[PDB]
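Bear in mind that the values in this text are calculations on the coordinates, not laboratory data. We place every Cβ from the backbone using ideal geometry, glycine too, and count neighbours over all the protein chains shown.
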Amino acid sequence: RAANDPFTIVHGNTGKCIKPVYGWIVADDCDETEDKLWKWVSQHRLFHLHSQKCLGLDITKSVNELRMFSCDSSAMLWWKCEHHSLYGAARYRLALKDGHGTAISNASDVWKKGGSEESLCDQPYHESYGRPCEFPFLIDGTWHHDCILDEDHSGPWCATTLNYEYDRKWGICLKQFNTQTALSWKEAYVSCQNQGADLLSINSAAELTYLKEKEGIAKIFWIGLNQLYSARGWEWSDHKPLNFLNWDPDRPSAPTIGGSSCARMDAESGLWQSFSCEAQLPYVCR
Amino acid sequence: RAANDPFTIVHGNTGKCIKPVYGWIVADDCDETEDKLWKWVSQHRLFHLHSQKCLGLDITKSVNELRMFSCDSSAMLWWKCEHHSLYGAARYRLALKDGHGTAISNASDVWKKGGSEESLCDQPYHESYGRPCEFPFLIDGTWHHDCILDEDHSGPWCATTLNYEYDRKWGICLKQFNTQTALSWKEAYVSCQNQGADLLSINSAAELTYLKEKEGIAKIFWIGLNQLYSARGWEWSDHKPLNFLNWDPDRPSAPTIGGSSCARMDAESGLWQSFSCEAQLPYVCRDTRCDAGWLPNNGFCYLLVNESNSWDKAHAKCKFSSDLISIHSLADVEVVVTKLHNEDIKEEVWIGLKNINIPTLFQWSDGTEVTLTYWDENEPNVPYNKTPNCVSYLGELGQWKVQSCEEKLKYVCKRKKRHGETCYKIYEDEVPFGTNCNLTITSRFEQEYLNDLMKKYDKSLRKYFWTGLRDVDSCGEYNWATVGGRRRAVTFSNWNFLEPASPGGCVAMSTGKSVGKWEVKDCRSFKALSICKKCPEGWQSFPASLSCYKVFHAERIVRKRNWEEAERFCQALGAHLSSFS
């Protein structure tokens with residue numbers, strides 16, 4: 001699978017790791033993962049799960065103090081990866097001076113993950129009509145990062161907006177015919193690869209004769225028939241053989257120009273049109 | 001209009017322009033456009049019109065020869081523009097050695113166009129189901145770059161494939177309901193801007209009713225209603241008023257998530273559905289003193305009533321002997337935001353807009369001057385069907401929304417380029433960085449106003465502007481830049497997701513996609529426009545200020561004297577300005 005797992009950022013030279021305090025960062029006191037938990041969230045941001053207080057840079061004076069800030073504010077907070085380091089606002093590295101992390105923009109610093117040679121940045125960010133969730137979110141006056149269970153919904157439920165208190169539109173934490181779930185085929189593919197699954201692969205006619213009679217399914221959906229490799233005609237998500245085709249007689253099926261490079265299924269008659277799969281439309285991934 | 005035109009590349013230092021020969025480049029013999037013609041074609045390639053031979057880089061030996069090659073081959077030919085030069089294959093500049101052009105990767109060479117200051121790259125590339133043409137193309141054994149006219153078709157015709165000899169799929173040279181032409185809405189917009197026109201702007205119900213009965217038109221197409229500006233709700237291609245809408249009752253019309261940010265028009269019943277228009281689909285493009293509180297603005301006065309009542313009671317109260325608030329310019333929004341007691345951040349304001357006929361068609365309660373529409377991004381809140389409609393100011397920016405207006409709230413009503421206090425002028429071309437004026441911003445509403453003015457002026461992408469934010473110390477601190485003597489604190493900052501990537505330089509401002517943000521680039525040489533806002537003996541003194549003065553009259557003196565150059569004559573005695581405590 002591929003999902004954002006909790007981890008801890010450590011320093012390479014000496015055995016120091018980040019420990020957040022009320023408004024700052026203090027010495028390591030490390031090797032105990034009961035409080036020191038960090039995760040990646042949208043806008044390329046770092047979030048501490050326990051303290052629920054994110055870090056940022058406030059450049060307003062001569063020396064910008066690196067303190068804690070509210071994750072819902074105009075703080076201009078985001079961090080990115082350099083070859084063996086991390087840079088924040090503008091070429092600002094998380095410089096360490098034996099006890100506190102500051103921003104001096106020094107080119108002698110290294111950060112890795114706990115007990116593993118890794119740049120803590122090789123894994124990209126992972127995540128109402130089945131829209132992708134927004135992490136974090138402020139509910140009941142407290143911050144939350146994961147789709148937590150409660151007594152209101154059946155299982156996990158997340159927010160589908162930046163401010164749930166003003167919009168009030170939630171969704172199911174999608175970890176399978178998702179009807180009325182119109183997403184882009186590329187977005188659908190990356191979402192179902194985040195879940196560890198792959199797109200539908202039609203191998204025999206029995207699967208099609210079972211799906212055509214299905215009641216709880218949209219009349220139009222995606223299957224995954226597309227050419228990710230520009231030098232070959234048509235493939236599936238996984239490496240499945242191409243023996244069963246269901247092409248369309250109505251459209252001339254233009255190869256590259258005049259038509260498009262995605263397949264669109266019609267289940268009322270079982271037909272495959274050529275179309276552009278960048279718009280929002282239901283699908284299914286096995 | 002915006003289309004590609006043939007031109008010539010000339011050297012800046014030496015008066016030489018490019019001239020092609022059978023397989024190489026020769027001396028200038030310039031100032032005659034009968035044979036020397038060059039143009040830009042796809043894959044960032046340069047094409048000669050007459051000789052029909054393009055240039056490329058064949059890296060095969062120690063010294064890569066810069067000869068002529070066929071545009072249909074594996075030559076890896078493409079060229080790009082650096083700040084004041086041309087680089088080709090791999091940082092290889094078209095170096096000149098007095099007659100022949102080679103690739104030595106030298107940093108001292110300039111190239112401009114014919115008789116004008118330009119980097120010959122400011123104009124981007126311009127160009128069977130109405131697909132865009134492919135330039136150039138090999139037909140009848142010869143290369144061709146434009147849709148020429150022959151006796152086969154009616155007018156101009158081009159190719160829609162890289163190899164027309166193997167595909168045989170042509171198309172009409174599109175220079176208007178283009179039925180059976182499924183294109184993307186962004187592609188349709190860029191193609192119709194290439195033609196100089198704009199998307200369909202529906203102003204009255206007459207044009208819409210005329211389009212209903214149209215036979216030669218697709219049942220599904222785009223209109224152009226989209227939000228290119230992320231801080232406002234919905235606009236057209238040009239700057240047309242938003243008074244006529246035909247929204248749909250079936251879908252809940254999610255503002256930004258759950259739905260989309262595009263509109264699609266259904267003509268079988270006349271509805272506007274929220275959707276994403278990235279797929280292919282057909283389209284169509286064509287000094288009064290006022291009484292006790294009422295603040296005056298160009299003759300009339302405005303004032304907010306401190307009563308919290310419903311919509312009908314507000315419509316009946318001061319329509320007092322007054323009329324409701326009417327926005328017709330940009331200064332009135334500033335008057336509303338500056339007043340209203342810090343805007344009462346968590347509250348609402350009323351404004352009178354009426355609509356009785358179906359579908360929705362907003363008209364002013366007193367007048368018909370619908371010019372400016374400032375809606376929240378993006379909550380139109382247009383219901384399915386309702387005779388009483390109402391509009392409300394929300395947010396500190398003063399955006400327009402549609403509430404249910406069944407509760408009690410306050411309102412404002414009234415009684416009986418340039419902006420109002422300062423002008424704003426923009427030039428034609430600005431290659432250097434601020435050699436005449438430096439624009440400085442202090443507040444957010446000024447940013448919104450300049451963005452609106454730039455949207456009214458600028459109409460395409462690939463454009464940049466200048467803002468007074470830079471630093472010469474190369475230390476990392478960013479503040480409001482000036483011509484020297486600026487120490488104010490930055491009160492507002494609107495950056496992109498990850499905009500700052502350089503520890504210095506001068507910022508820019510784009511209006512293509514992320515409109516209204518301070519883009520960051522290097523400040524070495526970046527061509528971008530900018531807008532500018534338009535007693536021992538003979539002594540007289542008194543110790544009344546603990547200082548001995550020495551001043552002169554204006555008649556007994558030889559020339560008029562002031563305190564300016566006094567440091568040249570009195571500093572010899574330890575003297576300074578007029579020191580009063």
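When only residues in the range A:165-186 that are in contact with a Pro (Cβ under 8 Å, 6 or more places away or on another chain) and assigned to a loop (DSSP other than H, G, I, E, B) count, which is surrounded by the fewest Cβ atoms within 10 Å (Cβ to Cβ)?
A:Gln180
Search the range A:241-280 for residues being more than 14 Å from chain B (Cβ to nearest Cβ) and among the hydrophobic types (A, V, I, L, M, F, W, C), and hand back the single one that is nearest to B:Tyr164 (Cα to Cα). Reasoning before the result, please.
Taking the range A:241-280 as the starting set, the residues that turn out to be more than 14 Å from chain B (Cβ to nearest Cβ) are A:241-249, A:265-272.
Still in the list and also among the hydrophobic types (A, V, I, L, M, F, W, C): A:242, A:244-245, A:247, A:265, A:267, A:271-272.
Values: A:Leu242: 29, A:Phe244: 31, A:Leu245: 28, A:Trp247: 25, A:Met265: 30, A:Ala267: 36, A:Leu271: 30, A:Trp272: 27 Å.
If we take residues in the range A:241-280 being more than 14 Å from chain B (Cβ to nearest Cβ) and among the hydrophobic types (A, V, I, L, M, F, W, C), then A:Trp247 is nearest to B:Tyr164 (Cα to Cα).
So which of A:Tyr92, A:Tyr125, A:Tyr129, A:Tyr87 is among the aromatic types (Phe, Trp, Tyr), closer than 30 Å to A:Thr179 by Cα and either within 11 Å of another protein chain (Cβ to nearest Cβ) or buried (at least 16 other Cβ atoms within 10 Å of the Cβ) (or both)?
Details: A:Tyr92 fails: closer than 30 Å to A:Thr179 by Cα; A:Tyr125 fails: either within 11 Å of another protein chain (Cβ to nearest Cβ) or buried (at least 16 other Cβ atoms within 10 Å of the Cβ) (or both); A:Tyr87 fails: closer than 30 Å to A:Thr179 by Cα.
Exactly one residue qualifies, and that residue is A:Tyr129.
If a residue has to be of a type in the set (A, V, I, L, M), assigned to a loop (DSSP other than H, G, I, E, B) and within 30 Å of A:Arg1 (Cβ to Cβ) to count, how many in the range A:93-126 make the cut?
Going residue by residue through the range A:93-126, those that are of a type in the set (A, V, I, L, M) are A:94-96, A:103-104, A:107, A:110, A:120.
Now narrow it down to the ones that are assigned to a loop (DSSP other than H, G, I, E, B): A:104, A:107, A:110, A:120.
Now drop any that are not within 30 Å of A:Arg1 (Cβ to Cβ), which leaves A:110, A:120.
Looking only at that region, the number is 2.
Keeping to the range B:358-405, report how many residues are of a type in the set (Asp, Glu) and within 25 Å of B:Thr209 (Cα to Cα). Even if it seems obvious, please write down each step before you answer.
Taking the range B:358-405 as the starting set, the residues that turn out to be of a type in the set (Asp, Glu) are B:366, B:369, B:376-377, B:379, B:396.
Those still in the list that are within 25 Å of B:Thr209 (Cα to Cα) too: B:369.
Total meeting the criteria: 1.
Out of B:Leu546, B:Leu529, which single residue is under 17 Å from the mean Cα position of the chain (by Cα) and away from chain A (no Cβ under 14 Å)?
Working: B:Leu546 fails: under 17 Å from the mean Cα position of the chain (by Cα).
The conditions single out B:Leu529.
Is it the case that the range A:28-37 has a residue that's within 14 Å of chain B (Cβ to nearest Cβ) and either outside any loop (DSSP other than H, G, I, E, B) or touching a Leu at 6+ places or on another chain (Cβ under 6 Å) (or both)? Let's see the steps before the verdict.
Here is the first cut: in the range A:28-37, the ones within 14 Å of chain B (Cβ to nearest Cβ) are none.
So far as the range A:28-37 goes, no, none of its residues is within 14 Å of chain B (Cβ to nearest Cβ) and either outside any loop (DSSP other than H, G, I, E, B) or touching a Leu at 6+ places or on another chain (Cβ under 6 Å) (or both).
Can you tell me which residues in the range B:187-222 are aliphatic (A, V, I, L, M) and surrounded by 12 or more Cβ atoms within 10 Å (Cβ to Cβ)? Steps first, answer last, please.
Taking the range B:187-222 and keeping what is aliphatic (A, V, I, L, M), we get B:188, B:190, B:197, B:199-200, B:202, B:205-206, B:208, B:211, B:217-218, B:220.
Of everything in the range B:187-222, those that are aliphatic (A, V, I, L, M) and surrounded by 12 or more Cβ atoms within 10 Å (Cβ to Cβ) turn out to be B:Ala188, B:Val190, B:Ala197, B:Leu199, B:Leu200, B:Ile202, B:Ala205, B:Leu208, B:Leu211, B:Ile217, B:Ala218, B:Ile220.
Just give me the residues in the range B:132-164 being surrounded by 11 or more Cβ atoms within 10 Å (Cβ to Cβ), away from every other protein chain (no Cβ under 14 Å) and not in a loop (DSSP other than H, G, I, E, B), in sequence order.
Across the range B:132-164, the qualifying residues are B:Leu138, B:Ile139, B:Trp143, B:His144, B:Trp157.
Give the residues of the range B:485-506 that are under 24 Å from the mean Cα position of the chain (by Cα) and more than 11 Å from every other protein chain (Cβ to nearest Cβ), sorted by residue number.
B:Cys506, the sole residue that qualifies.
Examine the range A:169-191 for a residue that is within 13 Å of another protein chain (Cβ to nearest Cβ), touching a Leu at 6+ places or on another chain (Cβ under 6 Å), of a type outside the set (S, T, N, Q) and farther than 30 Å from B:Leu394 by Cα, and state whether such a residue exists.
yes
Here is a check on your reading of the model: is B:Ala218 within 14 Å of chain A (Cβ to nearest Cβ), of a type in the set (A, V, I, L, M, F, W, C) and assigned to a loop (DSSP other than H, G, I, E, B)?
Numbers: within 14 Å of chain A (Cβ to nearest Cβ): no; of a type in the set (A, V, I, L, M, F, W, C): yes; assigned to a loop (DSSP other than H, G, I, E, B): yes.
In short, no.
Looking at the range B:102-122, which of the residues that are over 33 Å from the mean Cα position of the chain (by Cα) and crowded, with 16+ Cβ neighbours inside 10 Å is nearest to the other protein chains (Cβ to nearest Cβ)?
Going through the qualifying residues, I end up with B:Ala103.
Six or more apart or on different chains, Cβ atoms under 6 Å: show the pairs whose first residue is in the range B:469-481 and within 9 Å of chain A (Cβ to nearest Cβ) and whose second is part of a loop (DSSP other than H, G, I, E, B).
What qualifies is B:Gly476/A:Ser105; B:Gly476/B:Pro503.
Suppose the filter is part of a loop (DSSP other than H, G, I, E, B), under 19 Å from the mean Cα position of the chain (by Cα) and among the polar types (S, T, N, Q); does B:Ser201 pass it? Talk me through it step by step, then tell me what you get.
Numbers: part of a loop (DSSP other than H, G, I, E, B): yes; under 19 Å from the mean Cα position of the chain (by Cα): no; among the polar types (S, T, N, Q): yes.
In short, no.
Can you tell me which residue in the range B:456-484 is farthest from the chain's Cα centre (by Cα), limited to those that are more than 30 Å from B:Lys186 (Cβ to Cβ) and hydrophobic (A, V, I, L, M, F, W, C)? Lay out the reasoning, then the answer.
If we filter the range B:456-484 for residues that are more than 30 Å from B:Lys186 (Cβ to Cβ), which is where we start, we get B:468-484.
Okay, now just the ones that are also hydrophobic (A, V, I, L, M, F, W, C), so B:469, B:472, B:475, B:480-481, B:483.
Numbers: B:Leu469: 19, B:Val472: 28, B:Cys475: 31, B:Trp480: 22, B:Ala481: 22, B:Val483: 26 Å.
In this case the residue turns out to be B:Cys475.
For the range B:408-463, what are the residues that are acidic (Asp, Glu) and over 30 Å from B:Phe320 (Cβ atoms)? Before the answer, list the steps.
Keep residues of the range B:408-463 that are acidic (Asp, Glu), which gives B:421, B:428-430, B:446, B:448, B:452, B:458.
Of everything in the range B:408-463, those that are acidic (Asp, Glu) and over 30 Å from B:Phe320 (Cβ atoms) turn out to be B:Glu428, B:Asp429, B:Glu430, B:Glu446, B:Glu448, B:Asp452, B:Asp458.
When you scan the range A:40-52, how many residues do you find that are more than 14 Å from chain B (Cβ to nearest Cβ) and surrounded by fewer than 18 Cβ atoms within 10 Å (Cβ to Cβ)?
Count: 4.
Return the pair list, or none, for Cβ contacts closer than 7 Å from residues in the range B:309-321 that are under 15 Å from B:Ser404 (Cα atoms) to residues that are of a type in the set (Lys, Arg) and not in a helix (DSSP H, G or I), at least 6 apart or on different chains.
B:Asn309/B:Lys408; B:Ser310/B:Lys408
Can you pull out the strands (runs of 3 or more DSSP E) entirely within the range B:459-558 that have at least 2 residues that are under 15 Å from A:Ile59 (Cβ atoms) and touching a strand residue (DSSP E or B) at 6+ places or on another chain (Cβ under 6 Å)?
Details: elements: B:464-471, B:505-510, B:531-533.
Filter on the range B:459-558 gives B:464-471.
What is the residue count in the range B:338-350 for residues that are part of a helix (DSSP H, G or I) and surrounded by 17 or more Cβ atoms within 10 Å (Cβ to Cβ)? Give the derivation first.
Residues of the range B:338-350 part of a helix (DSSP H, G or I): B:338, B:342-344.
If we keep only those that are surrounded by 17 or more Cβ atoms within 10 Å (Cβ to Cβ) too, we end up with B:343.
Residues flagged as part of a helix (DSSP H, G or I) and surrounded by 17 or more Cβ atoms within 10 Å (Cβ to Cβ) within the range B:338-350 amount to 1.
With respect to B:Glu446, determine if the residue is charged (D, E, K, R) and either assigned to a loop (DSSP other than H, G, I, E, B) or in contact with an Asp or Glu (Cβ under 6 Å, 6 or more places away or on another chain) (or both).
So B:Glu446 does not fit the description; no.
I need the full set of residues from the range B:425-442 which are under 19 Å from B:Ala481 (Cα atoms) and hydroxyl-bearing (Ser, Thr, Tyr), in order please.
Within the range B:425-442, B:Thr435, B:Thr440, B:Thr442 meet the criteria.
In this structure, does B:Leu211 turn out to be assigned to a helix (DSSP H, G or I), more than 14 Å from every other protein chain (Cβ to nearest Cβ) and either at positive phi or among the aliphatic types (A, V, I, L, M) (or both)? I'd like the intermediate steps shown before the answer.
Numbers: assigned to a helix (DSSP H, G or I): yes; more than 14 Å from every other protein chain (Cβ to nearest Cβ): yes; either at positive phi or among the aliphatic types (A, V, I, L, M) (or both): yes.
It is true that B:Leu211 is assigned to a helix (DSSP H, G or I), more than 14 Å from every other protein chain (Cβ to nearest Cβ) and either at positive phi or among the aliphatic types (A, V, I, L, M) (or both).
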